[PDB]
Every structure is written in C-alpha cells, then in structure tokens.
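Undergrad:
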Amino acid sequence: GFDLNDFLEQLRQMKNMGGXXXXXXXXXXXXXXXXXXXXXXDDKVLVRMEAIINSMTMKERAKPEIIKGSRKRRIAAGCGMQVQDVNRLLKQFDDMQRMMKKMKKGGXXXXXXXXXXXXXXXXXXX
Amino acid sequence: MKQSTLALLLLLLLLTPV
Amino acid sequence: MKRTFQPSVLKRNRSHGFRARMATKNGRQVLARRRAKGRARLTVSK
Amino acid sequence: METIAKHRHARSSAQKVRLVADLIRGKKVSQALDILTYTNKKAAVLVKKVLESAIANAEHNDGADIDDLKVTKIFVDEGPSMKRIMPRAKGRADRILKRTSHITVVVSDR
Amino acid sequence: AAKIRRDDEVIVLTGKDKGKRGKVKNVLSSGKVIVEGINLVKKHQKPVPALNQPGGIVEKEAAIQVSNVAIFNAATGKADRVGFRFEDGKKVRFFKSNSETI
Amino acid sequence: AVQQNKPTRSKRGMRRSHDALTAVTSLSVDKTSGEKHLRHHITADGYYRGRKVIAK
RNA sequence: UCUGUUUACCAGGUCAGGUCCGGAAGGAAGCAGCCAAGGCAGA
RNA sequence: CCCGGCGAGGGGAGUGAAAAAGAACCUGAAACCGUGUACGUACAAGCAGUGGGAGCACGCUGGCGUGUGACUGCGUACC
RNA sequence: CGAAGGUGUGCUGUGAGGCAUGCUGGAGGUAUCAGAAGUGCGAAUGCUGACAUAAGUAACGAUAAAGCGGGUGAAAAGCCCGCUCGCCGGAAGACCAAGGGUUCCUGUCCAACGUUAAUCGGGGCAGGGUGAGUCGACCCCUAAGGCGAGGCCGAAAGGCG
Ligand SMILES: [Mg+2]
Ligand SMILES: [Mg+2]
Ligand SMILES: [Mg+2]
Ligand SMILES: [Mg+2]
Ligand SMILES: [Mg+2]
Ligand SMILES: [Mg+2]
Ligand SMILES: [Mg+2]
Ligand SMILES: [Mg+2]
Ligand SMILES: [Mg+2]
Ligand SMILES: [Mg+2]
Ligand SMILES: [Mg+2]
Ligand SMILES: [Mg+2]
Ligand SMILES: [Mg+2]
Ligand SMILES: [Mg+2]
Ligand SMILES: [Mg+2]
Ligand SMILES: [Mg+2]
Ligand SMILES: [Mg+2]
Ligand SMILES: [Mg+2]
Ligand SMILES: [Mg+2]
Ligand SMILES: [Mg+2]
Ligand SMILES: [Mg+2]
Ligand SMILES: [Mg+2]
Ligand SMILES: [Mg+2]
Ligand SMILES: [Mg+2]
Ligand SMILES: [Mg+2]
Ligand SMILES: [Mg+2]
Ligand SMILES: [Mg+2]
Ligand SMILES: [Mg+2]
Ligand SMILES: [Mg+2]
Ligand SMILES: [Mg+2]
Ligand SMILES: [Mg+2]
Ligand SMILES: [Mg+2]
Ligand SMILES: [Mg+2]
Ligand SMILES: [Mg+2]
Ligand SMILES: [Mg+2]
Ligand SMILES: [Mg+2]
Ligand SMILES: [Mg+2]
Ligand SMILES: [Mg+2]
Ligand SMILES: [Mg+2]
Ligand SMILES: [Mg+2]
Ligand SMILES: [Mg+2]
Ligand SMILES: [Mg+2]
Ligand SMILES: [Mg+2]
Ligand SMILES: [Mg+2]
Ligand SMILES: [Mg+2]
Ligand SMILES: [Mg+2]
Ligand SMILES: [Mg+2]
Ligand SMILES: [Mg+2]
Ligand SMILES: [Mg+2]
Ligand SMILES: [Mg+2]
Ligand SMILES: [Mg+2]
Ligand SMILES: [Mg+2]
Ligand SMILES: [Mg+2]
Ligand SMILES: [Mg+2]
Ligand SMILES: [Mg+2]
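Structural data, given as structure tokens:
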C-alpha cells in the first residue's frame with residue numbers, strides 16, 4: 328500500500344521539482360475559493376519534511392501508526408525541531424494516505440470528480 | 027501523466043488549504 | 001385493523017379548506033376566533 | 001503522587017461496570033491490564049481504556065514509573081440518564097432509562 | 002455628541018491599566034473603546050491554514066468601557082471633562098477645567 | 002404477583018453478593034513468543050505450546 | 001569463538017539528511033543507515 | 001503537549017481574582033448511588049426504638065467528650 | 001477585614017426558636033418598635049419535577065436458516081465481495097392510482113435514532129437528481145350534488161330555487 332517510505336520518495340521527488348508560483352497557478356478552481364497566497368514556502372517545508380522523514384527508523388517509516396509520544400520526542404530531537412511540526416507532518420501524511428486510499432478504491436476520475444471545496448455559510452470566507 | 031498529475035496536484039494543493 | 005383516518009386531500013380541502021370556511025357565517029367566525037388566538041395556520045392548505 | 005483519569009458519560013449502568021472495576025481494585029497495574037484483557041465484558045473495555053490512559057497521564061505529566069504503580073482508587077458513579085419511550089401492548093407507553101456512568105480511576109506509585 | 006472620538010489621546014481612569022495614556026483606535030456602539038497599548042489580552046488561536054495564520058498566544062487589545070476613560074488634556078497634564086459649545090455655526094468640544102476648544 | 006413493601010438497600014445488596022465476577026488467575030506464558038494467554042487457547046500471534054500453528 | 005539473522009528514544013563509535021553558535025573560519029547535540037553490542041539460532 | 005478511533009472522554013499547559021466559573025457553565029439543598037476509615041454482625045426471632053449497659057476505636061488533660069452498641073428491662077407505625 | 005443561602009459544631013429558652021462560630025459562598029442583609037399578610041404542610045387514589053423499587057429480572061416483534069473464505073476497519077455473527085445453503089414465486093416479484101414529501105443517488109460521519117454490535121441504514125452533514133405538441137393534470141362536456149343574478153320565503157342571521 329502507502330507508507331512514509333513511499334512518502335519519503337514522493338517527498339525527495341517533490342522537493343526537486345516543486346515551487347509554490349508553478350503549483351498555485353496550474354489551478355484557478357481552488358485559487359478563487361482559498362486565498363491565492365496560502366500555498367507555502369516550498370523549500371523550507373520540504374527541507375523540514377525530508378529532515379523529519381529521514382530522522383525516522385525504517386520500521387517507523389514503513390509503519391507510521393507506531394509513532395507515539397516518545398517517538399515524536401525523538402524525531403523532534405534528531406532533526407532539531409518542534410514536536411508540533413512532527414505532529415502536523417504525521418497529520419499531512421495521514422490526509423494524503425487517506426487520499427491515496429481514496430484514489431486506490433475509487434477510480435482516478437470518480438475521486439477527482441467528487442472532491443469538494445466548502446463554505447460554513449455561502450457568504451465569502453464565513 | 028494521469029496519476030503523476032493527479033498525485034502532484036492534489037498533493038501540493040490539498041497540502042495547502044486544509 | 002381499518003382505523004378511522006383514511007387520508008384524501010380532496011375531501012380534506014372541500015371539508016375544512018379555507019374557501020369552505022369562507023362559505024358560511026360560522027366559517028367566517030371560526031376564522032375570526034383563529035386570527036384572534038393568533039394561530040399559525042388557520043385552515044389546512046398545503 | 002496521584003494521577004487521575006475519568007471517562008464520563010459512558011453508556012453502561014453504574015452497576016454493570018462496578019462488577020468489573022472491582023476485580024482490579026488494589027492490583028499492580030500490569031496484572032490489572034491482563035485481568036481486564038481476558039475478562040469478557042463491555043465494561044471490561046471501557047475500564048481498560050481509562051486505566052491505560054491514567055498510566056499515560058502518570059508517565060508523561062508526572063514522570064512516574066509505570067512498574068511502581070498500583071490502582072489506589074477506582075469507582076463508578078451514576079451519570080445523567082437519557083429518558084426514552086418504549087411503546088407497549090394496549091397503547092400504554094413505558095418510559096426507559098438509558099443509563100450512563102462515570103468511571104474514575106486514580107493511580108499512584110505509593 | 003460623542004464625547005470621546007476616534008484618535009483622541011485618553012487616559013484610563015480605572016482598572017489594571019489605570020493611570021495609563023494612549024491613542025484611541027476605534028469605538029464600538031456598546032459604549033466601548035479600543036485603546037492602543039492598553040488592556041492587552043493574551044488570546045489563544047487555533048491555526049487557520051485558510052487565513053495563513055499560525056496559532057499561538059497572541060496579544061490583542063480588548064474592549065474597555067468608555068466611562069473608564071477620560072479625554073486627556075495635555076495642557077493641564079490631567080484627565081479632563083468634555084462639554085459642547087457653539088462656535089461659528091459648528092458644535093465643538095472643549096475642556097471643563099481651562100475651558101478651551103479641543 | 003408483585004412486592005408488597007419496598008425491599009431495602011440492605012436486602013438488595015445481599016442478593017448481589019454472589020453476582021461478583023471471578024478474576025482470571027492463570028496466565029500461561031508461552032515458551033517461544035513469551036506471550037501471556039489463557040491456558041489451552043492460542044496466543045494473539047497464533048502460537049501454541051511452542052509452535053506457530055496459525056500464520057495469522 | 002566464525003556464519004545466519006534480530007534490538008525505535010532513553011548502552012557505544014561513525015554519524016548522511018536536517019538543526020543550534022559564527023559575517024567567515026569552522027565547530028556542536030545528534031535522529032536514520034552501517035559496525036560493535038545485547039536477543040535467538042547453524043557449528 | 002499526552003492516552004484514545006484524525007473519537008467521545010479525560011489529564012497537563014495557558015487565560016482569569018477564581019476553571020470545585022469550561023460553555024452538560026452562579027449559588028448547588030434532599031431523596032438516590034458509590035469509595036475510604038472506626039465499631040458492630042454468620043445459634044439468631046417481631047413497628048428496629050427507648051432505659052440500662054460491657055468491650056473497642058478516637059479525641060482530650062488517671063478523669064471527660066465523640067463514634068460504635070455484644071447483652072438485658074419495657075415496647076403491635078402515623079393519619 | 002466576606003452579606004443572603006448552603007453545611008457542621010458549640011451555647012441558650014417551657015416551646016414555636018434564638019445567639020455564636022469552622023468550612024462553603026461571593027453581594028447583599030437588617031436591629032428596635034410599629035403595620036400588612038399569597039405567613040408556617042406529611043397525608044387530600046393532591047399537582048409539577050427528580051430519583052428509587054421489583055431487577056440487571058421479563059423481553060429484543062412471526063420456527064423462511066444459515067455456513068465458510070477474502071475485504072475494509074479501533075474493533076466484523078449483522079457491512080461489502082465470492083462459493084455454497086434455505087425461503088417467496090397469483091408474491092414475500094414487476095408497474096401505477098391514493099397518501100407521503102426527498103425517504104432517491106453519491107461522498108462523508110457514528111454522539112443520539114436502529115430493541116444488540118455497526119465500518120451499515122429509510123439515522124447526521126454536504127453535494128447531486130425529477131427534461132414531454134402525443135403520459136397525467138390543466139382545458140372542452142355534463143352525473144349525483146353544490147353555489148345561485150333576479151324571485152318566492154322567513155323575529156334577525158337565514159331557508160328554498
Ligand atoms: Mg382513502
Ligand atoms: Mg397501537
Ligand atoms: Mg396491605
Ligand atoms: Mg442474581
Ligand atoms: Mg478533547
Ligand atoms: Mg495565573
Ligand atoms: Mg470559589
Ligand atoms: Mg449536572
Ligand atoms: Mg455575580
Ligand atoms: Mg455549577
Ligand atoms: Mg455536590
Ligand atoms: Mg449531596
Ligand atoms: Mg440448640
Ligand atoms: Mg454470635
Ligand atoms: Mg428475623
Ligand atoms: Mg443510654
Ligand atoms: Mg491520639
Ligand atoms: Mg473517653
Ligand atoms: Mg435493647
Ligand atoms: Mg417486650
Ligand atoms: Mg455571618
Ligand atoms: Mg430577603
Ligand atoms: Mg449563613
Ligand atoms: Mg469563611
Ligand atoms: Mg455564612
Ligand atoms: Mg471564594
Ligand atoms: Mg424593615
Ligand atoms: Mg432574616
Ligand atoms: Mg408583626
Ligand atoms: Mg398558603
Ligand atoms: Mg395532618
Ligand atoms: Mg398508585
Ligand atoms: Mg427543570
Ligand atoms: Mg436494579
Ligand atoms: Mg425474579
Ligand atoms: Mg427467570
Ligand atoms: Mg411477554
Ligand atoms: Mg428470557
Ligand atoms: Mg427480529
Ligand atoms: Mg466472514
Ligand atoms: Mg463502537
Ligand atoms: Mg469476517
Ligand atoms: Mg443473522
Ligand atoms: Mg452474501
Ligand atoms: Mg419454495
Ligand atoms: Mg402524490
Ligand atoms: Mg432526511
Ligand atoms: Mg439508499
Ligand atoms: Mg446501537
Ligand atoms: Mg452511504
Ligand atoms: Mg440518509
Ligand atoms: Mg391523453
Ligand atoms: Mg344541476
Ligand atoms: Mg337574491
Ligand atoms: Mg340553493
């Protein structure tokens with residue numbers, strides 16, 4: 328299936344090619360609903376991302392749900408960073424694992440057609 | 027291609043708005 | 001078994017429907033009492 | 001040093017959960033985890049989750065060692081009960097209590 | 002007929018910030034004002050990736066009652082009280098102690 | 002047929018004396034996997050009396 | 001005692017990546033991978 | 001930040017004079033239901049108390065308070 | 001420098017009571033002498049609310065019936081997929097009117113609802129879906145019957161036509 332080794336590969340392949348002005352322009356469908364400026368700083372987020380993924384042992388990378396409080400302490404200590412960044416990175420891998428399972432079960436055109444952008448009420452951003 | 031662009035788009039992109 | 005209320009819209013309306021109340025003196029008095037008691041709906045319509 | 005955990009509003013009677021919660025009163029938390037594991041009950045599961053939780057609390061919040069712990073206080077109170085209605089023969093309706101319960105576990109090293 | 006208005010320099014009469022001085026940022030219809038550097042609250046925010054806000058404890062200025070602030074007369078160096086008079090055809094504000102126009 | 006007077010909490014306690022569970026005392030530790038488990042039941046890993054009898 | 005393989009952080013060494021100090025020179029704590037090493041085995 | 005199911009529920013941190021003010025939110029009584037501690041109870045018959053009364057526990061400074069109440073006299077709720 | 005209330009304890013009166021103080025509580029109380037009462041609760045098969053009891057008992061709604069492998073998943077007797085098995089078959093199938101009103105389909109969610117569990121649903125939230133010259137209504141026409149210009153009838157309203 329999908330692992331943080333496969334996310335390691337997706338990430339050292341994506342930190343090579345990627346930019347935030349070539350990625351926020353290839354879509355004008357979610358550059359109208361979300362602010363055109365909310366992309367990221369790609370170099371920093373993918374260098375932190377590759378740092379945090381590299382700090383992992385091979386059994387924590389191949390199986391991402393065995394990572395708990397002590398392991399996040401240690402991933403924060405080896406890459407010299409915050410337990411909160413490690414947290415929200417295990418959370419983005421959680422969502423993209425969710426989405427590659429939803430591309431796996433349903434066809435590429437049914438999981439690209441039923442994808443939804445939302446407003447809590449129809450007024451802009453509110 | 028098809029799964030390269032559907033990976034890459036929803037990945038960088040849905041990394042962004044959530 | 002066969003219970004009392006067997007619904008039919010037509011019957012419902014020709015009987016207690018608004019115009020059927022606008023038929024008679026006592027219809028119009030029921031409507032008065034109803035507005036005076038500040039009823040949400042006077043008759044059954046829709 | 002005491003460390004607490006509470007599950008509040010668990011669906012179970014107080015009375016059904018007590019039956020389980022009594023097996024582990026006083027034990028060394030290891031042994032407790034096991035007794036709960038091979039106990040066949042729903043309350044078994046509730047109580048166990050609360051217990052493990054309390055141990056996590058002790059260790060992360062208070063830095064207390066898991067091997068030293070005992071279960072010093074454990075008790076179950078009667079939470080807010082949601083009323084319902086079960087309809088009966090001859091049209092007499094009968095109000096139902098779906099009971100909740102408050103499971104409190106308190107562990108300490110000493 | 003608003004005694005305290007935007008951009009005035011006020012002094013805080015009451016509360017933790019009593020004695021302090023500052024410039025009025027805006028007023029709310031509740032008879033409340035928001036003063037600069039005054040009445041600072043530490044507010045926790047849950048990070049919004051839609052608004053590109055991080056989370057955290059961020060210090061913001063809280064609404065304070067307008068009964069609790071006085072127009073500051075820098076002339077007398079004290080808290081003052083406003084009154085309205087008619088100069089030209091225009092209603093204007095003046096101080097009650099030395100009786101001169103704001 | 003229904004009770005004439007309210008049975009007291011004392012009574013109600015007495016009746017429930019016997020409804021106490023019995024703890025499971027014996028935890029068998031396997032030779033190979035060193036897992037605890039009920040006697041005569043296979044482990045979580047499908048180990049029994051030294052063997053892996055179930056790959057599961 | 002050779003070889004087969006196992007053991008996240010909280011025994012050791014190398015410590016990539018990344019991160020701290022410095023304008024720069026360079027250091028530094030150290031996660032992973034590897035080797036000790038500790039489990040379990042072929043002899 | 002930590003357990004948990006990307007829960008419910010919790011425990012930390014922080015805000016605040018106060019979080020036994022946490023949105024199931026002021027005060028939080030009684031019935032009711034528990035956990036801990038003291039004494040009592042498995043040869044004993046009844047409106048369960050009252051008169052007496054050992055022993056034990058706990059407070060005091062060898063005496064007094066409090067809790068309990070083995071045993072015995074009398075004793076068939078209120079309206 | 002801690003009111004009302006709440007809750008212990010101590011003292012005091014012949015009683016209904018009073019006084020003092022520990023904790024709780026966090027802003028109101030009120031002497032004295034008068035005045036006026038929605039002025040005192042255990043009963044009324046009293047009223048409303050709350051919580052006991054029987055009891056963790058009776059019951060889980062047709063005796064058509066299940067079993068196994070695999071999937072997902074925190075967890076699978078119930079979900080999905082496969083192989084069997086069993087039931088209806090003038091219905092327990094298919095298509096409408098009546099009535100309902102979104103229950104339809106897709107994602108998504110598991111607190112409450114489902115007499116159990118639930119990853120499932122006619123449950124929750126979001127989106128999507130209903131295409132007519134010839135189908136039906138609307139319309140053309142009358143039945144029973146209704147309403148009824150004038151008109152007759154009637155204290156009044158109204159009755160008949
Ligand atoms: Mg009908
Ligand atoms: Mg009925
Ligand atoms: Mg009788
Ligand atoms: Mg029993
Ligand atoms: Mg929470
Ligand atoms: Mg503070
Ligand atoms: Mg307080
Ligand atoms: Mg409550
Ligand atoms: Mg207040
Ligand atoms: Mg309260
Ligand atoms: Mg209370
Ligand atoms: Mg109470
Ligand atoms: Mg004898
Ligand atoms: Mg005896
Ligand atoms: Mg007897
Ligand atoms: Mg006596
Ligand atoms: Mg003593
Ligand atoms: Mg004494
Ligand atoms: Mg006696
Ligand atoms: Mg006698
Ligand atoms: Mg007082
Ligand atoms: Mg009063
Ligand atoms: Mg008081
Ligand atoms: Mg006090
Ligand atoms: Mg008081
Ligand atoms: Mg207080
Ligand atoms: Mg007075
Ligand atoms: Mg008074
Ligand atoms: Mg008087
Ligand atoms: Mg009265
Ligand atoms: Mg009486
Ligand atoms: Mg009765
Ligand atoms: Mg109420
Ligand atoms: Mg019961
Ligand atoms: Mg029985
Ligand atoms: Mg029986
Ligand atoms: Mg029956
Ligand atoms: Mg039965
Ligand atoms: Mg059934
Ligand atoms: Mg199966
Ligand atoms: Mg569940
Ligand atoms: Mg299965
Ligand atoms: Mg079945
Ligand atoms: Mg099947
Ligand atoms: Mg047949
Ligand atoms: Mg219809
Ligand atoms: Mg609906
Ligand atoms: Mg459906
Ligand atoms: Mg259920
Ligand atoms: Mg669905
Ligand atoms: Mg639905
Ligand atoms: Mg036709
Ligand atoms: Mg006709
Ligand atoms: Mg006429
Ligand atoms: Mg007529």
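Chains as they are written, first to last, in the deposited numbering: chain i, 328 to 453; chain k, 27 to 44; chain d, 1 to 46; chain T, 1 to 110; chain V, 2 to 103; chain b, 2 to 57. C-beta atoms are modelled at their ideal positions from N, C-alpha and C, and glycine is treated no differently.
1. What are the boundary residues of the beta strand (DSSP E) that includes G63(T)?
2. Under a CB-based cut-off of 8 Å, is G434(i) close to chain k?
3. Grab me the residues of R13(b)'s own chain with a C-beta within less than 8 Å of its C-beta, minus the 5 sequence neighbours each way, in chain order.
4. Beta strand (DSSP E) containing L97(T): first to last residue?
5. Check residue 194(T) in the structure and name its three-state DSSP category.
6. Quickly, what does DSSP pair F73(V) with across the bridge? List them, please.
7. How should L10(d) be labelled, buried or exposed, when 16 other C-beta atoms within 10 angstroms of its C-beta is the threshold for buried?
8. What three-state label does DSSP hand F334(i) in the structure shown?
9. So, are the CB atoms of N332(i) and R388(i) less than 8 Å apart?
10. What number of angstroms, rounded off, separates the C-alpha of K98(T) from the C-alpha of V17(T)?
11. Roughly how many whole angstroms lie between the Cα atoms of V20(T) and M15(b)?
12. Restricting to Cα atoms, I'd like to know which of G90(V), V49(V), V67(V), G84(V) is closest to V36(V).
13. Compare the beta carbon distance of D77(T) and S101(T) with 8 Å and say whether it is the shorter of the two.
14. Near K4(V), what residues of its chain come up, given a Cβ to Cβ distance below 6 Å and the 5 sequence neighbours on each side ignored?
15. Whose C-alpha, out of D89(V), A51(V), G20(V), is nearest the C-alpha of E10(V)?
16. Have a look at the DSSP bridge pairing and note the partners of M86(T).
17. Using the Cβ count rule (16 or more neighbours within 10 Å means buried), how would you classify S397(i)?
18. How is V42(V) classed by DSSP in three states: helix, strand or coil?
19. Check whether the Cβ of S8(d) lies closer than 7 Å to any heavy atom of ligand 1, and answer yes or no.
20. What residue range is occupied by the uninterrupted alpha helix (DSSP H) comprising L373(i)?
21. Compile a chain-ordered list of the residues in the segment 22 to 34 of chain b whose CB is closer than 7 Å to at least one CB of chain T.
22. Rank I39(V), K24(V), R6(V), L29(V) by C-alpha distance to the C-alpha of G16(V) and give the top, closest one.
23. Short of 7 Å in beta carbon distance, which residues of its chain neighbour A403(i), apart from the five on each side in sequence? Order them along the chain.
24. Is it buried or exposed for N74(V), if we count other Cβ within 10 angstroms and need 16 for buried?
25. Kindly indicate the opening and closing residues of the beta strand (DSSP E) around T72(T).
TA: The structure says:
1. Going by DSSP, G63(T) is part of no beta strand (DSSP E) at all; its letter is neither H nor E.
2. no
3. none
4. Start and end: 93 to 98.
5. Coverage of chain T is limited to positions 1 through 110, which leaves residue 194(T) absent and any answer about it impossible.
6. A80(V)
7. exposed
8. helix
9. yes
10. 14 Å
11. Near 18 Å, if we compare the C-alpha coordinates of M15(b) and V20(T).
12. Shortest Cα-Cα distance from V36(V) to any of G90(V), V49(V), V67(V), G84(V) involves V67(V).
13. yes
14. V83
15. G20(V)
16. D94(T)
17. Classification for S397(i): exposed.
18. strand
19. Yes, Cβ of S8(d) sits closer than 7 Å to a heavy atom of ligand 1.
20. 369 to 381
21. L22, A24, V25, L28
22. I39(V)
23. So the list reads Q409, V410, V413, once near-sequence residues are dropped.
24. A buried status is given to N74(V), since no fewer than 16 other beta-carbon atoms sit within 10 Å of its beta-carbon.
25. Annotation for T72(T): the continuous beta strand (DSSP E) segment containing it runs 70 to 78.
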